[PDB]
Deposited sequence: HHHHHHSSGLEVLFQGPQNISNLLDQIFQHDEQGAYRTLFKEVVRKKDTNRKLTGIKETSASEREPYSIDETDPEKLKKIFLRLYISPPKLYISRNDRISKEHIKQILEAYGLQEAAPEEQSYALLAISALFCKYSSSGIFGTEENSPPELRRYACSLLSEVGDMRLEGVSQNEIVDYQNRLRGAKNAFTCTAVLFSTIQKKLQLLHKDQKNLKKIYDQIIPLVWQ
């Protein structure tokens, strides 16, 4: 069933995240790209060939705005918090509404990793540029992980990941590397835990494992 439910799993998550995409083209794009190792379609809105659309940054800001408790500012902040309702929604999308906190927190780390990948040089970002709303979403999910705690991940590691995502001074901001780092963490954490391995395989697209 893991094989047969792959496409439905990612699709169900993205339907929640992109519920405010009225036109629906970003929602479709985020689903279709998970079959690909990389893509030339970049969402940075910056000419640098890459398929660029200068309206992508504003449209993504608008699509993600309502998922936060308070409207975010232009920069990414560890005080940007996703609504508790939306956290419940993304957990319900995976049948984890009433799972243990250690399983829910693992799932949120995995979804954060997924958005690091989406924001990275191989997918919707480039070597030098990266869509901030994708990074913001990953950063805010990590605040939930920090509050729930997760064995094998320290608060200092969470803050390190957030500092990289938000572009803090003295942080290596590259999200391709950050994805690899969080992925290695998720793998180490599920090595001897079949329940966590199941959650990982529900969330992370096959091509990106």
- Message: Should a student be asked to find the unmodelled regions, what ranges of the deposited sequence would be the right answer here?
- Response: 1-10, 59-65
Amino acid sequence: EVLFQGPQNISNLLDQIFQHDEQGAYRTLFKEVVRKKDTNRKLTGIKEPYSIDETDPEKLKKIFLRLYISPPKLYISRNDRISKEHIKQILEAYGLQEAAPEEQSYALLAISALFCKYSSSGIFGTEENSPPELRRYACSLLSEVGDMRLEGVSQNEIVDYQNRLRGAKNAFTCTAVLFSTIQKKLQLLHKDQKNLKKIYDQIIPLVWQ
From here on, numbers count along this sequence of modelled residues.
- Comparing 39-47 with 136-144, which stretch shows the greater average C-alpha B-factor in the deposited entry? 39-47
- Query: Which of the two stretches, 193-201 or 5-13, shows the higher mean Cα temperature factor in the record?
  - Reply: 193-201
- Query: If you compare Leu165, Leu29, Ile63, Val153, which has the highest Cα B-factor in the entry?
  - Reply: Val153
- Message: Looking at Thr126, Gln97, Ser77, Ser112, which one carries the largest C-alpha B-factor according to the PDB entry?
- Response: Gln97
- Query: Is the Cα B-factor recorded for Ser70 in the lowest, middle or highest third of its chain?
  - Reply: highest
- Note on the structure: Split the chain's modelled residues into thirds by Cα B-factor; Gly122 lands in the middle
- Task: Taking the chain's C-alpha temperature factors as the reference, tell me which third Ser83 falls into: lowest, middle or highest.
- Result: middle
- Task: Taking the chain's C-alpha temperature factors as the reference, tell me which third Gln23 falls into: lowest, middle or highest.
- Result: middle
- Could you tell me which third, lowest, middle or highest, the C-alpha B-factor of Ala107 occupies within its chain? middle
